[PDB]
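Novice: Got protein_14.cif for you, mmCIF, C-alpha atoms and all ligand atoms:
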```
data_structure
#
loop_
_atom_site.label_atom_id
_atom_site.label_comp_id
_atom_site.auth_asym_id
_atom_site.auth_seq_id
_atom_site.Cartn_x
_atom_site.Cartn_y
_atom_site.Cartn_z
CA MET U 8 -56.30 226.38 -106.98
CA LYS U 9 -52.88 227.20 -105.51
CA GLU U 10 -52.88 224.31 -103.03
CA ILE U 11 -54.67 222.08 -105.55
CA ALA U 12 -52.09 222.57 -108.30
CA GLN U 13 -49.25 221.92 -105.87
CA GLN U 14 -50.87 218.65 -104.81
CA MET U 15 -51.28 217.60 -108.45
CA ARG U 16 -47.64 218.54 -109.04
CA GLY U 17 -46.61 216.84 -105.80
CA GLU U 18 -48.21 213.57 -106.92
CA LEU U 19 -45.42 213.45 -109.54
CA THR U 20 -42.50 215.03 -107.63
CA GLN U 21 -43.13 212.82 -104.59
CA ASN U 22 -42.60 209.86 -106.96
CA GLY U 23 -39.40 210.72 -108.77
CA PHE U 24 -40.50 213.24 -111.43
CA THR U 25 -38.51 216.44 -111.90
CA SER U 26 -40.74 219.52 -112.14
CA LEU U 27 -39.64 221.93 -114.90
CA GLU U 28 -41.36 225.25 -114.22
CA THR U 29 -39.59 227.82 -116.44
CA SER U 30 -38.64 227.97 -120.10
CA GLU U 31 -34.97 228.04 -119.02
CA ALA U 32 -35.36 224.91 -116.89
CA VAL U 33 -36.86 223.00 -119.83
CA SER U 34 -34.13 224.09 -122.24
CA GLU U 35 -31.39 223.31 -119.71
CA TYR U 36 -32.87 219.88 -119.02
CA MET U 37 -33.77 218.76 -122.53
CA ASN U 38 -30.63 220.17 -124.17
CA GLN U 39 -28.47 218.20 -121.69
CA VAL U 40 -30.02 214.71 -121.89
CA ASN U 41 -27.69 212.01 -123.17
CA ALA U 42 -28.34 210.73 -126.68
CA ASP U 43 -29.00 207.19 -125.43
CA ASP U 44 -31.24 208.07 -122.47
CA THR U 45 -35.03 208.00 -122.52
CA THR U 46 -37.03 210.91 -121.12
CA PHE U 47 -40.70 210.54 -120.15
CA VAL U 48 -42.66 213.82 -119.95
CA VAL U 49 -46.04 214.21 -118.28
CA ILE U 50 -47.83 217.36 -119.38
CA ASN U 51 -50.02 217.94 -116.30
CA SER U 52 -53.43 219.65 -116.09
CA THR U 53 -55.77 220.84 -113.34
CA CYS U 54 -59.09 220.33 -115.05
CA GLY U 55 -61.52 217.74 -116.27
CA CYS U 56 -61.48 213.99 -115.75
CA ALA U 57 -58.57 213.24 -118.08
CA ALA U 58 -56.08 214.97 -115.77
CA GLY U 59 -57.10 212.75 -112.87
CA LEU U 60 -56.56 209.67 -115.03
CA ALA U 61 -53.17 210.71 -116.37
CA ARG U 62 -51.29 211.12 -113.05
CA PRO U 63 -51.73 207.63 -111.40
CA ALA U 64 -51.08 205.69 -114.65
CA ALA U 65 -47.89 207.67 -115.28
CA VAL U 66 -46.56 207.24 -111.73
CA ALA U 67 -47.41 203.55 -111.51
CA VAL U 68 -45.82 202.50 -114.83
CA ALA U 69 -42.78 204.85 -114.82
CA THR U 70 -41.72 203.69 -111.32
CA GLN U 71 -42.69 199.99 -111.39
CA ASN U 72 -42.25 198.67 -114.95
CA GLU U 73 -39.28 196.44 -115.76
CA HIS U 74 -38.26 198.69 -118.68
CA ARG U 75 -38.30 202.19 -117.16
CA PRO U 76 -37.40 205.66 -118.68
CA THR U 77 -34.00 207.01 -117.70
CA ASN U 78 -35.56 210.38 -116.81
CA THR U 79 -39.02 211.40 -115.61
CA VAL U 80 -40.02 215.07 -115.85
CA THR U 81 -43.21 217.09 -115.90
CA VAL U 82 -44.46 220.46 -117.12
CA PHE U 83 -47.78 221.85 -115.86
CA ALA U 84 -49.96 223.17 -118.68
CA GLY U 85 -51.92 226.28 -117.72
CA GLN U 86 -50.00 226.77 -114.46
CA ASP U 87 -46.48 227.03 -115.94
CA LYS U 88 -47.24 228.39 -119.41
CA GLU U 89 -43.72 229.30 -120.52
CA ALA U 90 -42.29 225.93 -119.44
CA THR U 91 -45.13 224.10 -121.20
CA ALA U 92 -44.67 226.10 -124.41
CA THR U 93 -40.93 225.39 -124.46
CA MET U 94 -41.43 221.67 -123.86
CA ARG U 95 -43.92 221.68 -126.74
CA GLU U 96 -41.15 223.04 -128.99
CA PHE U 97 -39.24 219.80 -128.32
CA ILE U 98 -42.34 217.63 -128.76
CA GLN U 99 -43.49 219.16 -132.09
CA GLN U 100 -47.00 217.69 -131.92
CA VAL U 101 -50.52 219.07 -131.69
CA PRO U 102 -50.77 220.62 -128.18
CA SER U 103 -53.06 218.99 -125.63
CA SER U 104 -53.23 218.44 -121.88
CA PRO U 105 -52.93 216.11 -120.20
CA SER U 106 -50.59 214.39 -122.65
CA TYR U 107 -47.51 212.15 -122.55
CA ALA U 108 -44.25 212.32 -124.48
CA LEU U 109 -41.32 209.90 -124.59
CA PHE U 110 -37.91 210.87 -125.97
CA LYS U 111 -34.76 209.01 -126.94
CA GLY U 112 -32.11 211.68 -126.67
CA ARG U 113 -33.87 214.75 -128.08
CA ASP U 114 -35.96 212.75 -130.58
CA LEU U 115 -39.62 212.10 -129.88
CA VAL U 116 -40.41 208.38 -130.08
CA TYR U 117 -43.90 208.20 -128.48
CA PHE U 118 -46.76 210.63 -127.92
CA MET U 119 -50.17 210.20 -126.27
CA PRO U 120 -52.66 213.06 -126.77
CA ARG U 121 -55.45 214.08 -124.42
CA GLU U 122 -58.04 212.40 -126.63
CA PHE U 123 -56.48 208.98 -126.01
CA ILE U 124 -56.75 209.57 -122.24
CA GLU U 125 -60.21 211.13 -121.90
CA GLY U 126 -62.84 208.49 -121.13
CA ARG U 127 -60.29 205.65 -121.14
CA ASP U 128 -59.99 203.06 -118.36
CA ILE U 129 -56.91 203.91 -116.23
CA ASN U 130 -55.68 200.28 -116.60
CA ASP U 131 -55.72 200.59 -120.40
CA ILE U 132 -53.79 203.88 -120.28
CA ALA U 133 -51.20 202.21 -118.06
CA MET U 134 -50.95 199.35 -120.57
CA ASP U 135 -50.10 201.68 -123.47
CA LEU U 136 -47.39 203.30 -121.35
CA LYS U 137 -46.00 199.86 -120.47
CA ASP U 138 -45.90 199.01 -124.17
CA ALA U 139 -44.15 202.27 -125.04
CA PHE U 140 -41.53 201.85 -122.32
CA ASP U 141 -40.97 198.19 -123.20
CA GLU U 142 -40.33 199.05 -126.84
CA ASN U 143 -38.08 202.06 -126.19
CA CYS U 144 -36.49 201.86 -122.72
CA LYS U 145 -33.58 199.66 -121.67
CA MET I 8 -54.78 197.45 -111.21
CA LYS I 9 -52.45 196.32 -108.42
CA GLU I 10 -49.87 199.06 -108.99
CA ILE I 11 -52.63 201.55 -109.85
CA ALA I 12 -54.55 201.02 -106.60
CA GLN I 13 -51.36 201.33 -104.57
CA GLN I 14 -50.58 204.66 -106.25
CA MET I 15 -54.10 205.92 -105.52
CA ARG I 16 -53.68 204.76 -101.93
CA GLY I 17 -50.16 206.20 -101.80
CA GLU I 18 -51.46 209.63 -102.82
CA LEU I 19 -53.14 209.69 -99.39
CA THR I 20 -50.59 207.81 -97.24
CA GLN I 21 -47.71 209.90 -98.62
CA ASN I 22 -49.61 212.93 -97.27
CA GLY I 23 -50.47 211.94 -93.72
CA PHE I 24 -53.51 209.65 -94.13
CA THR I 25 -53.61 206.34 -92.26
CA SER I 26 -54.71 203.45 -94.48
CA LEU I 27 -57.20 201.11 -92.75
CA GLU I 28 -57.29 197.90 -94.77
CA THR I 29 -59.07 195.33 -92.57
CA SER I 30 -62.30 195.30 -90.59
CA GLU I 31 -60.22 194.91 -87.41
CA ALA I 32 -58.08 197.95 -88.24
CA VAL I 33 -61.17 200.12 -88.71
CA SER I 34 -62.77 198.96 -85.45
CA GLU I 35 -59.51 199.40 -83.54
CA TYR I 36 -59.03 202.89 -84.97
CA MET I 37 -62.56 204.25 -84.74
CA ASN I 38 -63.31 202.72 -81.33
CA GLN I 39 -60.18 204.39 -79.90
CA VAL I 40 -60.57 207.98 -81.14
CA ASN I 41 -60.92 210.57 -78.39
CA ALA I 42 -64.37 212.08 -77.91
CA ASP I 43 -63.11 215.59 -78.73
CA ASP I 44 -61.00 214.72 -81.77
CA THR I 45 -62.14 215.06 -85.38
CA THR I 46 -61.59 212.23 -87.85
CA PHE I 47 -61.70 212.81 -91.61
CA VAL I 48 -62.31 209.68 -93.72
CA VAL I 49 -61.72 209.44 -97.46
CA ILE I 50 -63.52 206.50 -99.02
CA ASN I 51 -61.25 205.91 -102.04
CA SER I 52 -62.16 204.44 -105.44
CA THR I 53 -60.30 203.27 -108.55
CA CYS I 54 -62.85 204.11 -111.19
CA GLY I 55 -64.53 206.94 -113.01
CA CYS I 56 -63.75 210.63 -112.93
CA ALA I 57 -65.09 211.30 -109.42
CA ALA I 58 -62.28 209.27 -107.82
CA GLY I 59 -59.65 211.41 -109.52
CA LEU I 60 -61.33 214.55 -108.21
CA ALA I 61 -61.71 213.34 -104.63
CA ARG I 62 -58.03 212.62 -103.84
CA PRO I 63 -56.33 216.04 -104.56
CA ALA I 64 -59.10 218.10 -102.88
CA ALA I 65 -58.93 215.93 -99.75
CA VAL I 66 -55.12 216.07 -99.50
CA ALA I 67 -54.89 219.80 -100.18
CA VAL I 68 -57.53 220.91 -97.63
CA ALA I 69 -56.80 218.35 -94.86
CA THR I 70 -53.07 219.25 -94.82
CA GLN I 71 -53.16 223.00 -95.53
CA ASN I 72 -56.32 224.47 -93.99
CA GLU I 73 -56.09 226.53 -90.80
CA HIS I 74 -58.74 224.36 -89.09
CA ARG I 75 -57.55 220.80 -89.76
CA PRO I 76 -58.99 217.37 -88.64
CA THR I 77 -57.17 215.72 -85.75
CA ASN I 78 -57.01 212.43 -87.68
CA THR I 79 -56.94 211.60 -91.40
CA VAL I 80 -57.72 208.03 -92.47
CA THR I 81 -58.84 206.24 -95.61
CA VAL I 82 -60.61 203.05 -96.62
CA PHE I 83 -60.46 201.83 -100.24
CA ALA I 84 -63.88 200.83 -101.56
CA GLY I 85 -63.75 197.82 -103.88
CA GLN I 86 -60.12 197.01 -103.03
CA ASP I 87 -60.54 196.58 -99.24
CA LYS I 88 -64.17 195.47 -99.03
CA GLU I 89 -64.27 194.37 -95.39
CA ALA I 90 -62.58 197.56 -94.17
CA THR I 91 -64.96 199.68 -96.26
CA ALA I 92 -68.03 197.83 -94.98
CA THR I 93 -66.95 198.27 -91.36
CA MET I 94 -66.25 201.98 -91.82
CA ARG I 95 -69.72 202.30 -93.35
CA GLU I 96 -71.16 200.87 -90.12
CA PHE I 97 -69.74 203.92 -88.32
CA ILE I 98 -70.90 206.33 -91.04
CA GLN I 99 -74.53 205.06 -91.24
CA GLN I 100 -75.27 206.77 -94.56
CA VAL I 101 -76.17 205.64 -98.06
CA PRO I 102 -73.00 203.93 -99.41
CA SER I 103 -71.11 205.58 -102.26
CA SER I 104 -67.54 205.94 -103.49
CA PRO I 105 -65.69 208.15 -103.58
CA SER I 106 -67.22 209.82 -100.54
CA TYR I 107 -66.08 211.83 -97.50
CA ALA I 108 -66.99 211.52 -93.83
CA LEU I 109 -66.07 213.74 -90.88
CA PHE I 110 -66.47 212.59 -87.26
CA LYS I 111 -66.35 214.27 -83.88
CA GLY I 112 -65.52 211.41 -81.57
CA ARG I 113 -67.60 208.56 -83.00
CA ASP I 114 -70.44 210.83 -84.15
CA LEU I 115 -70.79 211.70 -87.82
CA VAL I 116 -70.94 215.47 -88.32
CA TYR I 117 -70.40 215.82 -92.10
CA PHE I 118 -70.87 213.57 -95.13
CA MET I 119 -70.25 214.16 -98.85
CA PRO I 120 -71.66 211.52 -101.23
CA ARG I 121 -70.29 210.57 -104.63
CA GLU I 122 -73.04 212.55 -106.37
CA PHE I 123 -71.75 215.81 -104.88
CA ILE I 124 -68.27 215.05 -106.27
CA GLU I 125 -69.05 213.72 -109.76
CA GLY I 126 -68.89 216.50 -112.35
CA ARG I 127 -67.96 219.15 -109.76
CA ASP I 128 -65.03 221.55 -110.16
CA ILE I 129 -62.17 220.38 -107.89
CA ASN I 130 -61.90 223.92 -106.41
CA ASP I 131 -65.56 223.82 -105.36
CA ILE I 132 -65.13 220.40 -103.72
CA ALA I 133 -62.14 221.75 -101.81
CA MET I 134 -64.26 224.72 -100.68
CA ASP I 135 -66.95 222.49 -99.14
CA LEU I 136 -64.25 220.57 -97.26
CA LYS I 137 -62.77 223.85 -96.02
CA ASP I 138 -66.21 224.89 -94.79
CA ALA I 139 -66.77 221.56 -93.04
CA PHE I 140 -63.38 221.64 -91.31
CA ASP I 141 -63.80 225.30 -90.32
CA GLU I 142 -67.16 224.59 -88.69
CA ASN I 143 -66.10 221.40 -86.90
CA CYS I 144 -62.31 221.30 -86.38
CA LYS I 145 -60.30 223.22 -83.80
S1 LIG N 201 -60.02 221.40 -118.73
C1 LIG N 201 -60.56 223.08 -119.17
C2 LIG N 201 -59.33 223.90 -119.55
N1 LIG N 201 -59.48 225.33 -119.28
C3 LIG N 201 -58.86 223.63 -120.98
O1 LIG N 201 -59.59 224.20 -121.90
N2 LIG N 201 -57.85 222.91 -121.28
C4 LIG N 201 -57.49 222.75 -122.68
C5 LIG N 201 -56.30 223.67 -122.96
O2 LIG N 201 -55.29 223.33 -122.04
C6 LIG N 201 -54.24 224.29 -121.91
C7 LIG N 201 -53.98 224.56 -120.43
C8 LIG N 201 -55.27 224.93 -119.73
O3 LIG N 201 -55.66 224.22 -118.78
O4 LIG N 201 -55.88 225.94 -120.13
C9 LIG N 201 -52.95 223.78 -122.54
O5 LIG N 201 -52.87 222.56 -122.75
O6 LIG N 201 -52.06 224.63 -122.78
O7 LIG N 201 -55.90 223.55 -124.30
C10 LIG N 201 -55.47 222.22 -124.67
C11 LIG N 201 -55.07 222.29 -126.12
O8 LIG N 201 -56.21 222.66 -126.91
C12 LIG N 201 -56.58 221.19 -124.41
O9 LIG N 201 -56.05 219.88 -124.65
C13 LIG N 201 -57.11 221.31 -122.99
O10 LIG N 201 -58.24 220.45 -122.79
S1 LIG N 202 -66.71 203.31 -111.05
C1 LIG N 202 -67.41 201.70 -111.53
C2 LIG N 202 -67.48 200.82 -110.29
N1 LIG N 202 -67.36 199.39 -110.58
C3 LIG N 202 -68.68 201.13 -109.41
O1 LIG N 202 -69.82 200.66 -109.86
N2 LIG N 202 -68.63 201.79 -108.31
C4 LIG N 202 -69.85 202.00 -107.55
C5 LIG N 202 -69.83 201.01 -106.38
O2 LIG N 202 -68.64 201.23 -105.67
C6 LIG N 202 -68.28 200.19 -104.76
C7 LIG N 202 -66.82 199.82 -104.95
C8 LIG N 202 -66.55 199.50 -106.41
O3 LIG N 202 -65.70 200.19 -107.02
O4 LIG N 202 -67.18 198.57 -106.94
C9 LIG N 202 -68.47 200.63 -103.32
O5 LIG N 202 -68.56 201.86 -103.11
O6 LIG N 202 -68.51 199.74 -102.44
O7 LIG N 202 -70.99 201.17 -105.60
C10 LIG N 202 -71.12 202.48 -105.01
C11 LIG N 202 -72.40 202.46 -104.21
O8 LIG N 202 -73.51 202.22 -105.08
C12 LIG N 202 -71.13 203.57 -106.09
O9 LIG N 202 -71.10 204.85 -105.45
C13 LIG N 202 -69.93 203.42 -107.02
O10 LIG N 202 -70.00 204.34 -108.11
#
```
With the file now loaded, output its structure as structure tokens.
Ligand SMILES: *SC[C@H](N)C(=O)N[C@H]1[C@@H](O[C@@H](CC(=O)O)C(=O)O)O[C@H](CO)[C@@H](O)[C@@H]1O
Ligand SMILES: *SC[C@H](N)C(=O)N[C@H]1[C@@H](O[C@@H](CC(=O)O)C(=O)O)O[C@H](CO)[C@@H](O)[C@@H]1O
Specialist:
Amino acid sequence: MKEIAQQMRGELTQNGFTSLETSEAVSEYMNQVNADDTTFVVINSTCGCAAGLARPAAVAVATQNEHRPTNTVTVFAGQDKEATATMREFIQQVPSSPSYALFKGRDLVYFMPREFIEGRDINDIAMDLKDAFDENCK
Amino acid sequence: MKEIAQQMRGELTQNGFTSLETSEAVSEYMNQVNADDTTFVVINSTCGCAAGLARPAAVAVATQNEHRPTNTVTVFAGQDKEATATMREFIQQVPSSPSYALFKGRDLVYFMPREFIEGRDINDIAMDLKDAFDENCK
């Protein structure tokens, strides 16, 4: 589980995502974003099939789309509990994992819960992310 | 699908795996391995939950175990059909994807079919790979 979680985290950090692993790191990051920037958050997970769908879609769209988020960050639900709880204070939605959140400044503009990922074709998940970035990112 | 497949391939090539994407590349690689070396093959896939389980387990064990394969390579079933068919000529097993193969020289010593991956905890998949490398790799 140790090496597995680091690989699942590495899938994101090897492709531009900043890993926020303490409550303090989340507060320091989210309370310092510029009001006009967009921040894409992947809430990672180790278990089930949904987690394996969420990582590739997020990496592919957030790094290749024309309209891309200013910032890409991740918290790891289950593994980094305090970081995940603090991020969820900014999101203010029903908690689930994996899940996606998109911010403009500190305001949530898009949220995808676990139930919209589970059992969904990876190409369709990527398409929703493309739509959300196109509507909200410069 | 284009960007998605490259991310799923990149998960392996960003962590030491050689991507073999033509029939010629597979023949040239497998027909040139040393008789005493071990070659771990990940047959990648874009679809279903099994594919998302197979990648992290393979990366974590093949790069972190004490006993590690000499060579790590991958063919992408569906995406690179000719490469996958040629690799399957060396494997000589029922075809499935995702699947794992381990060679000593050109002789198959371990095989894991899709049906042993689908619905399996990722930690248990990693454990079988650890056992197979421990038994067969220096
Ligand atoms: S996948 C099996 C897993 N133990 C689980 O039940 N996950 C659910 C759980 O996730 C939490 C982290 C964890 O892996 O335990 C979390 O998100 O904090 O709870 C959420 C919310 O109910 C579910 O979406 C997960 O499936
Ligand atoms: S996951 C849905 C997919 N279309 C599929 O049916 N995969 C099966 C298929 O895989 C081939 C590549 C592909 O994605 O089409 C392949 O491995 O060459 O066939 C194999 C063998 O029967 C199955 O193990 C896959 O689930």
Novice: Residues near residue I:123, anyone? I mean within 12 Å using all atoms listed in the file, not counting same-chain ones fewer than 6 positions away, as a list in words.
Specialist: residues 57, 58, 60, 61, 103, 104, 105, 106, 107, 129, 131, 132, 133, 135 and 136 of chain I
Novice: Select all residues from chain I having any atom no more than 6 Å from an atom of chain U (counting all atoms listed in the file, ignoring ligands), output as a PyMOL selection string.
Specialist: chain I and resi 10-11+56+59+67
Novice: Any chance you can output those residues with C-alpha atoms as a CSV table (one decimal), keeping the file's coordinate frame?
Specialist:
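Final output, part-v2.csv:
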```
chain,number,residue,atom,x,y,z
I,10,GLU,CA,-49.9,199.1,-109.0
I,11,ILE,CA,-52.6,201.6,-109.8
I,56,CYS,CA,-63.8,210.6,-112.9
I,59,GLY,CA,-59.6,211.4,-109.5
I,67,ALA,CA,-54.9,219.8,-100.2
```
Novice: Out of U:40, U:124, U:50, U:101, which residue has the shortest atom-to-atom distance to residue U:27 when counting all atoms listed in the file?
Specialist: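 That would be U:50, the residue with the smallest distance to residue U:27.
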Novice: Of the candidates I:69, I:49, I:109, I:144, which one gets nearest to ligand LIG 202 (chain N) if we count all atoms listed in the file?
Specialist: I:49
Novice: Can you pull out the residues contacting residue U:116? Cut-off 9 Å, using only C-alpha atoms, and skip same-chain residues under 3 positions away; I want them as a list in words.
Specialist: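 Everything that qualifies: residues 108, 109, 110, 111, 139 and 143 of chain U.
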Novice: Looking at all atoms listed in the file, which of I:33, I:93, I:44, I:134 is the one that sits closest to residue I:76?
Specialist: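 Of I:33, I:93, I:44, I:134, the one nearest residue I:76 is I:44, counting all atoms listed in the file.
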Novice: Find the distance between atom CA of residue U:88 and atom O3 of ligand LIG 201 (chain N) and write it in Å to one decimal.
Specialist: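 That distance, rounded to one decimal, is 9.4 Å.
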Novice: Looking at all atoms listed in the file, which of U:30, U:52, U:81, U:100 is the one that sits closest to ligand LIG 201 (chain N)?
Specialist: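 Nearest to ligand LIG 201 (chain N): U:52.
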Novice: Record the distance separating atom CA of residue U:94 and atom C2 of ligand LIG 201 (chain N), expressed in Å with one decimal.
Specialist: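 So the answer is 18.5 Å.
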Novice: Draw an axis-aligned box tight on the listed atoms of ligand LIG 201 (chain N), then pad every side by 8 Å and write out centre and edge lengths in Å to one decimal as AutoDock Vina command-line options.
Specialist:
```
--center_x -56.3 --center_y 222.9 --center_z -122.8 --size_x 24.5 --size_y 22.1 --size_z 24.2
```
Novice: Could you write stretch 55-78 of chain I as a PDB file, in the frame of the given file, with N, CA, C and O atoms rebuilt where they are missing?
Specialist:
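See result-v2.pdb below for the written result:
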```pdb
ATOM      1  N   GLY I  55     -63.772 205.759-112.640  1.00  0.00           N
ATOM      2  CA  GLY I  55     -64.530 206.940-113.010  1.00  0.00           C
ATOM      3  C   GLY I  55     -63.766 208.219-112.789  1.00  0.00           C
ATOM      4  O   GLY I  55     -62.611 208.211-112.349  1.00  0.00           O
ATOM      5  N   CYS I  56     -64.412 209.344-113.090  1.00  0.00           N
ATOM      6  CA  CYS I  56     -63.750 210.630-112.930  1.00  0.00           C
ATOM      7  C   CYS I  56     -63.860 211.156-111.503  1.00  0.00           C
ATOM      8  O   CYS I  56     -62.984 211.905-111.055  1.00  0.00           O
ATOM      9  N   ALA I  57     -64.909 210.768-110.770  1.00  0.00           N
ATOM     10  CA  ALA I  57     -65.090 211.300-109.420  1.00  0.00           C
ATOM     11  C   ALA I  57     -63.911 210.941-108.522  1.00  0.00           C
ATOM     12  O   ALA I  57     -63.482 211.762-107.709  1.00  0.00           O
ATOM     13  N   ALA I  58     -63.378 209.725-108.664  1.00  0.00           N
ATOM     14  CA  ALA I  58     -62.280 209.270-107.820  1.00  0.00           C
ATOM     15  C   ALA I  58     -61.059 210.153-107.997  1.00  0.00           C
ATOM     16  O   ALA I  58     -60.403 210.537-107.017  1.00  0.00           O
ATOM     17  N   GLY I  59     -60.770 210.523-109.246  1.00  0.00           N
ATOM     18  CA  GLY I  59     -59.650 211.410-109.520  1.00  0.00           C
ATOM     19  C   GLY I  59     -59.855 212.823-109.020  1.00  0.00           C
ATOM     20  O   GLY I  59     -58.875 213.547-108.831  1.00  0.00           O
ATOM     21  N   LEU I  60     -61.101 213.245-108.822  1.00  0.00           N
ATOM     22  CA  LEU I  60     -61.330 214.550-108.210  1.00  0.00           C
ATOM     23  C   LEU I  60     -61.194 214.491-106.697  1.00  0.00           C
ATOM     24  O   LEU I  60     -60.720 215.448-106.072  1.00  0.00           O
ATOM     25  N   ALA I  61     -61.598 213.377-106.087  1.00  0.00           N
ATOM     26  CA  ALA I  61     -61.710 213.340-104.630  1.00  0.00           C
ATOM     27  C   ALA I  61     -60.356 213.371-103.942  1.00  0.00           C
ATOM     28  O   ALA I  61     -60.231 213.945-102.849  1.00  0.00           O
ATOM     29  N   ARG I  62     -59.349 212.727-104.529  1.00  0.00           N
ATOM     30  CA  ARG I  62     -58.030 212.620-103.840  1.00  0.00           C
ATOM     31  C   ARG I  62     -57.345 213.993-103.679  1.00  0.00           C
ATOM     32  O   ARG I  62     -57.045 214.342-102.531  1.00  0.00           O
ATOM     33  N   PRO I  63     -57.055 214.787-104.737  1.00  0.00           N
ATOM     34  CA  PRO I  63     -56.330 216.040-104.560  1.00  0.00           C
ATOM     35  C   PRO I  63     -57.030 217.026-103.616  1.00  0.00           C
ATOM     36  O   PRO I  63     -56.360 217.624-102.815  1.00  0.00           O
ATOM     37  N   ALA I  64     -58.348 217.169-103.751  1.00  0.00           N
ATOM     38  CA  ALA I  64     -59.100 218.100-102.880  1.00  0.00           C
ATOM     39  C   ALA I  64     -58.906 217.685-101.423  1.00  0.00           C
ATOM     40  O   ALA I  64     -58.629 218.562-100.598  1.00  0.00           O
ATOM     41  N   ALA I  65     -59.038 216.389-101.132  1.00  0.00           N
ATOM     42  CA  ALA I  65     -58.930 215.930 -99.750  1.00  0.00           C
ATOM     43  C   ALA I  65     -57.527 216.175 -99.192  1.00  0.00           C
ATOM     44  O   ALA I  65     -57.382 216.612 -98.043  1.00  0.00           O
ATOM     45  N   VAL I  66     -56.488 215.884 -99.979  1.00  0.00           N
ATOM     46  CA  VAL I  66     -55.120 216.070 -99.500  1.00  0.00           C
ATOM     47  C   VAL I  66     -54.831 217.551 -99.286  1.00  0.00           C
ATOM     48  O   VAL I  66     -54.265 217.951 -98.262  1.00  0.00           O
ATOM     49  N   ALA I  67     -55.211 218.383-100.254  1.00  0.00           N
ATOM     50  CA  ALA I  67     -54.890 219.800-100.180  1.00  0.00           C
ATOM     51  C   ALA I  67     -55.536 220.447 -98.962  1.00  0.00           C
ATOM     52  O   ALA I  67     -54.869 221.138 -98.185  1.00  0.00           O
ATOM     53  N   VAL I  68     -56.829 220.213 -98.755  1.00  0.00           N
ATOM     54  CA  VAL I  68     -57.530 220.910 -97.630  1.00  0.00           C
ATOM     55  C   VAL I  68     -57.130 220.308 -96.282  1.00  0.00           C
ATOM     56  O   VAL I  68     -56.882 221.073 -95.352  1.00  0.00           O
ATOM     57  N   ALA I  69     -57.063 218.979 -96.179  1.00  0.00           N
ATOM     58  CA  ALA I  69     -56.800 218.350 -94.860  1.00  0.00           C
ATOM     59  C   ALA I  69     -55.377 218.612 -94.372  1.00  0.00           C
ATOM     60  O   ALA I  69     -55.117 218.363 -93.186  1.00  0.00           O
ATOM     61  N   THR I  70     -54.483 219.062 -95.251  1.00  0.00           N
ATOM     62  CA  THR I  70     -53.070 219.250 -94.820  1.00  0.00           C
ATOM     63  C   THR I  70     -52.710 220.732 -94.804  1.00  0.00           C
ATOM     64  O   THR I  70     -51.675 221.062 -94.200  1.00  0.00           O
ATOM     65  N   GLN I  71     -53.529 221.592 -95.416  1.00  0.00           N
ATOM     66  CA  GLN I  71     -53.160 223.000 -95.530  1.00  0.00           C
ATOM     67  C   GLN I  71     -54.117 223.962 -94.847  1.00  0.00           C
ATOM     68  O   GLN I  71     -53.719 225.099 -94.574  1.00  0.00           O
ATOM     69  N   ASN I  72     -55.359 223.559 -94.581  1.00  0.00           N
ATOM     70  CA  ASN I  72     -56.320 224.470 -93.990  1.00  0.00           C
ATOM     71  C   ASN I  72     -55.860 224.924 -92.604  1.00  0.00           C
ATOM     72  O   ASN I  72     -55.048 224.271 -91.951  1.00  0.00           O
ATOM     73  N   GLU I  73     -56.374 226.075 -92.163  1.00  0.00           N
ATOM     74  CA  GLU I  73     -56.090 226.530 -90.800  1.00  0.00           C
ATOM     75  C   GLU I  73     -56.714 225.583 -89.784  1.00  0.00           C
ATOM     76  O   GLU I  73     -56.042 225.115 -88.857  1.00  0.00           O
ATOM     77  N   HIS I  74     -58.013 225.316 -89.970  1.00  0.00           N
ATOM     78  CA  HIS I  74     -58.740 224.360 -89.090  1.00  0.00           C
ATOM     79  C   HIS I  74     -58.578 222.983 -89.727  1.00  0.00           C
ATOM     80  O   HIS I  74     -59.161 222.766 -90.797  1.00  0.00           O
ATOM     81  N   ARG I  75     -57.803 222.103 -89.103  1.00  0.00           N
ATOM     82  CA  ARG I  75     -57.550 220.800 -89.760  1.00  0.00           C
ATOM     83  C   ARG I  75     -58.062 219.632 -88.891  1.00  0.00           C
ATOM     84  O   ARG I  75     -57.918 219.745 -87.670  1.00  0.00           O
ATOM     85  N   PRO I  76     -58.577 218.506 -89.465  1.00  0.00           N
ATOM     86  CA  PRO I  76     -58.990 217.370 -88.640  1.00  0.00           C
ATOM     87  C   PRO I  76     -57.830 216.825 -87.815  1.00  0.00           C
ATOM     88  O   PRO I  76     -56.669 216.837 -88.242  1.00  0.00           O
ATOM     89  N   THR I  77     -58.161 216.359 -86.606  1.00  0.00           N
ATOM     90  CA  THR I  77     -57.170 215.720 -85.750  1.00  0.00           C
ATOM     91  C   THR I  77     -56.561 214.502 -86.432  1.00  0.00           C
ATOM     92  O   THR I  77     -55.341 214.298 -86.400  1.00  0.00           O
ATOM     93  N   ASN I  78     -57.400 213.696 -87.073  1.00  0.00           N
ATOM     94  CA  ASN I  78     -57.010 212.430 -87.680  1.00  0.00           C
ATOM     95  C   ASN I  78     -57.444 212.415 -89.141  1.00  0.00           C
ATOM     96  O   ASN I  78     -58.505 212.942 -89.491  1.00  0.00           O
TER      97      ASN I  78
END
```
